Amino acid sequence: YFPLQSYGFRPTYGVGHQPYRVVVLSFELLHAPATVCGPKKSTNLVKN
Amino acid sequence: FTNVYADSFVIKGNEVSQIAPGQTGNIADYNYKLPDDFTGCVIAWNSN
């Protein structure tokens with residue numbers, strides 16, 4: 001048998017068979033360096 | 001599973017796509033609803 005099965009989505013199927021678009025955002029928070037994220041306003045650095 | 005409840009019927013080679021969860025049309029509405037979310041294993045074997 002062919003390993004893939006297509007599924008023909010139709011407007012008349014119920015909610016269990018209707019198509020859904022999904023986005024999964026995968027990220028680690030505890031990795032020490034970071035190059036992205038943080039919608040925060042910075043302040044000065046007191047240094048003591 | 002507690003009971004298999006295996007089924008038996010013969011179709012012609014136009015209803016193979018009709019014996020499927022959630023589909024509509026004369027065939028499979030008049031006869032076998034085959035309701036969606038059923039756990040199933042439909043085997044189609046050429047009997048010509």
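Residue by residue through chain A, note down the ones that are hydrophobic (A, V, I, L, M, F, W, C) and more than 26 Å from the chain's Cα centre (by Cα).
Result: A:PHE2, A:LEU45, A:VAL46.
Do you know which residues across region B:8-37 are more than 18 Å from A:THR12 (Cβ to Cβ) and either within 14 Å of another protein chain (Cβ to nearest Cβ) or loosely packed, with under 11 Cβ neighbours inside 10 Å (or both)?
B:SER8, B:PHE9, B:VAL10, B:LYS12, B:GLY13, B:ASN14, B:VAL16
Can you tell me which residue among B:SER17, B:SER8 is farther than 23 Å from A:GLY16 by Cβ and either in a loop (DSSP other than H, G, I, E, B) or under 9 Å from the mean Cα position of the chain (by Cα) (or both)?
B:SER8
How many residues does region A:13-48 hold that are within 30 Å of B:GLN18 (Cα to Cα) and polar (S, T, N, Q)?
Qualifying residue count, region A:13-48: 1.
If I ask for residues that are within 12 Å of another protein chain (Cβ to nearest Cβ) and surrounded by fewer than 10 Cβ atoms within 10 Å (Cβ to Cβ), which ones from region A:10-48 would you list? Full working, then the answer.
Going residue by residue through region A:10-48, those that are within 12 Å of another protein chain (Cβ to nearest Cβ) are A:10-18.
The answer is A:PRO11, A:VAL15, A:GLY16.
Being of a type outside the set (D, E, K, R), farther than 30 Å from B:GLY25 by Cβ and in a loop (DSSP other than H, G, I, E, B): is that true of A:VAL15 here?
On the way: of a type outside the set (D, E, K, R): yes; farther than 30 Å from B:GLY25 by Cβ: no; in a loop (DSSP other than H, G, I, E, B): yes.
Answer is no for this residue.
The numbers here are math on the coordinates, done by the rules we state, and not lab data. Reconstructed Cβ throughout: ideal geometry from the backbone, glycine too, with neighbour counts over all protein chains shown.
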